[PDB]
Structures are given as C-alpha cells and as structure tokens.
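The chain below stands alone, shown as structure tokens; this is the form deposited in one PDB entry.
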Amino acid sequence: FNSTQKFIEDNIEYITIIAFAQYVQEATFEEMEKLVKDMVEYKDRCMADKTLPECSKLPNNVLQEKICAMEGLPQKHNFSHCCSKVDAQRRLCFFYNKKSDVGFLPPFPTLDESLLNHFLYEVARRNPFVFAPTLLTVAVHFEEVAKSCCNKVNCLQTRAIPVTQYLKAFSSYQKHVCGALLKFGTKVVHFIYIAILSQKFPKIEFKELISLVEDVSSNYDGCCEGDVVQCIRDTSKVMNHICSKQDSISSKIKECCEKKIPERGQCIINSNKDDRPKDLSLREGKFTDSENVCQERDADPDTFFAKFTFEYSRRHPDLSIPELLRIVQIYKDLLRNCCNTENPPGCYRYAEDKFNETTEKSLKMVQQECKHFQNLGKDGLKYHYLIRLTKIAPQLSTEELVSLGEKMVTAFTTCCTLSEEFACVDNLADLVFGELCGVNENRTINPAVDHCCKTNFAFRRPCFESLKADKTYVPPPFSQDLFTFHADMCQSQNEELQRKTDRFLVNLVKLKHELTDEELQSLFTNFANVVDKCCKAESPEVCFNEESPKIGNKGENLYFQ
C-alpha cells in the first residue's frame, strides 16, 4: 500500500493527465494543466491534515467533479449529460463518453518534464482504454528512446515504432477483456484469467490461483471503468501478491519482482510461461474416470468448472485461451446432458475425445491459413481478408475495415513461423473480432454480426468465420473519384500508399458486393496490373482513364450505384 501511495503522490501530474485526456479526448493541453493544478492542491491539502470532508471521497469522483466544475467544458465537448448525473451513474456516463474511433483527432505531433506531459496527453487521448501502468511504462521507454537521439525529430519518430507496438499489444488485450466484461459479465473474466494464469504458472496451487484470479478480476473492474488511481493500486496489489509467493508460483519472475512500480507489473505480464512441474501427469482423470463427477459438479458448479479449467489449462501450454474456454464449455454442456441420463458415467467417460476433436479441427484450420500466408505473402493475404471482412460487415467504415484487415494479417506475420503458431494465431485473431464488437458500446453493424458479437465469448471467432456475405446490405452511392488513380500513386511512397490501395479494394467490394470473392479478386488484379503498367508510362493520367476496367455501366458517371 505505502510504496503505491508514494508512487501515486509523486506521479499525480502524469496520472491526472491520463484520466482527463482519456475521459475527455477533445480537451486541450492548457485545460490538462488547469486540472493538474487543482489535483496537486487537493494532494497537498490532504497530506496536511487528512481529516477534511473532501479528503474522504474516492479519487475518481473527485477528478470527475473538478472536470465537471470547469467553466463551459461539459457543453463545449458534449458531456453535460454525465455531469447532470451523480456517483455511480456519473462514473458510468463518463466510461460511455470514451470513443475508440479517434478519427476526429489530427495526426500525432513531432516532439522536438513537459516532453513526458505532452507525450502522455497525446497518447492517452488517442488510446482512451489503455491502463495507466502500461501507459506510464510506455512513457519511460519513450524518455529513453527520445534521449538516444543526439535530425533528432525524425530520429524520434523512427525508433518509437517498437514503443508504439508495445502500447497497441497491451491495449488490444486490455480492450478485449474490458469488452468481454461489459458484454458477458465478471464470470467470463474470471474464467479467462483461470485459463491464462494456470497456463502461465502451472506449478501454482488451486487455492492460491483462485485468490490471484479474484485480485486480477477486481483490478479489471477498476481499470475498465477508467479509474486510474484505483487501477494503479489494484495492479500493485496483484503484483505484491505474486512476488510474495514467488517460489510457489513461477521461477521465471525473479528479476521482475526486484523492480519497482510500475515496471515490475509489466515485466511479470511479459514473462515467459513457467515450465511444467516434472511430476505433473499428462491428464487429470477425475473429470472423466470417476463415477461421482455429477455430484462433484452439483456440490459447487462454478468451483468445479474452475478446477477443470485449472487442471486442463496448466497441462496444455500450446492451446490458445479461446480454445481452452471452448473446451470448458464443451465439458459443461456434455455434463448438462449426461448428468440427467440413467448412466451418467457412461457418456462423460470419453469427453477427452470431444476435446481432442475440436482442438484438431482448430489446428488444421490454422495450418491451412498459415500455408495461404506462405503461398501469397502479406499483401496477398491481406486482400483476401479485406474481401471477406467487407462482405460480412459492409456497414463498417472503409477506414475501420482496412484497420481490421491489417490487424488480421499481422496475426499471421507475427505467428506463422514461430513454435506454437496455433496458440499465437488464435489468441491474436480473437482480438481482431473483439475490436469489431466494441469496448464500451454494443455496436449495431448488421443482425448476423451482432449475433456473433453478443451470444458467446469463446465461440465468437468461429461464429464470424462461418458467416456468409451480408445479404441485407444496401450500399450508399460511391463517387467515381474513390476509384480514380492520380499521378501521386506512381512513386515509392510510404505505407499510406498501401492504405490507399486497401481503401480502393474495400470500396470496390462495397460497390460490387453481389460479385463473388473470386470475381472481386479478379477485378482487383485487373486494376493492379493497369497501375503497374501505367506507372511506367509517360503521363500516367491518360493511361489510367483509357486502360482501367469499367466499374460503372454507362449513363452513370459521377456516382456509381
């Protein structure tokens, strides 16, 4: 508690900036400095004589009251609805005020302890759900990278790509878990963390595991709401707990546990899975071999299924978290049928065959996907996913479809060569569909997608992969200029030329949504061939208009279907 209390008081400036910038993404840096002043005053007035009326209140309620008391702010950035509520309803309104879609903001500025203040402000408002320990550790990595630049501005933009990659990996997992908490409730977060921690810390004992999962679950309730102070406290408490029982949890965290807040926690999260105990059997037979499974379930169902997840997950370090959860659900459903029959021990005896069956099906699928990646390359496989994604979710904006497609192919670029490609691919690919379904909102894309988002956490990815083209789709008009090529397209440009190509393909699939995937891929390759040839020509402009495939159908020139 007391080291954590010191850390919070010493970093109150950074923490205040994170909270306000995440909650009110439109607020300016000058307004951040206003709230920093008022929060530093609050800190001092509490240290000097704690016994005050305002010192008793929770730090998120205090922060939100002072945001709500700023002259004109609620109405200026459209959050007066939240200030007109109080307490839990206000806190909930502020959580709902966050926008994952940060297109409305400009590009990220070029920096040349105000540097950290500015970095934190600019990162936090663009990543409104990322937890504070992650963000404060990202900034410490930015200070080191900044300082290793003696064109020192362009030195900083390069070299920050690994820092940015560290941020997005963490926030992608945090958003997936928070999204799951909103849509499915705390029970599912518990089962996610039973699987994760059991897999990562296989020598841990069940009772200590369940204790640790309760701590992590409470950490997520605070962090997902956006309560930065509580998130720092609850995260420290998780890491204190792990480091105090270190030799009974993991032999891989020695160096981590010697570090300070908040690097300690990030090291632990990043650490490798601990090795399986020598004496750990290949299978725990009591879930299938015993004749008393149904009564053990009936004595305490949630604890019984938690124990199953623990015992299965620590023995299967090569399954993804979604695959473990699918296995839990299959075991649960098998016992729901079996335990009301005349001979329950009979049908549940071979549950491991159902488990092996689904695992084999999933592994085959990933093998096939990685073979397509090897055959086609990154871009080739990206175009296949852009077509499929646009077919099933054509109501999404083209920018979002392109982002989702880029994230989907990066799962394969990261995972396919590695040992244990199956776990890596399936874990990363699950995050992509998580992004699709929303963090702090229930999104309305189309009925079939909405059904996959909301019905079942563990079976979400395979639900989506079984969807056919959205036959409900009525496209808006598209202007001809979306499909025209300009002379600027003919140079060795950055990956904003790749984003232009991706946008073209997505818009094309929207326009021509009734064509087959093969016909769309053929039409797209026709356009690419024409750009390859016309970019070698003198005057590419005229070449494109006299060699491009027709997309319209005569008497229809500015606006297509």
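All residue numbers refer to positions in the sequence shown, first residue = 1. Rigid core (definition): largest C-alpha set, two forms, superposition within 1.5 Å.
Omitted here: the form deposited in another entry. The next part is about that form.
Per-residue Cα shift between the shown form and the other one after core alignment stays below 2 Å for all of 158, 442, 186, 368 except 158. Taking the rigid core as fixed, one finds a CA shift for residue 26 smaller than 2 Å between the shown form and the other one. With the core held fixed between the shown form and the other one, residue 543 has its Cα displaced by at least 2 Å. After superposition on the rigid core, displacement of the C-alpha of residue 491 between the shown form and the other one amounts to 2 Å or more.
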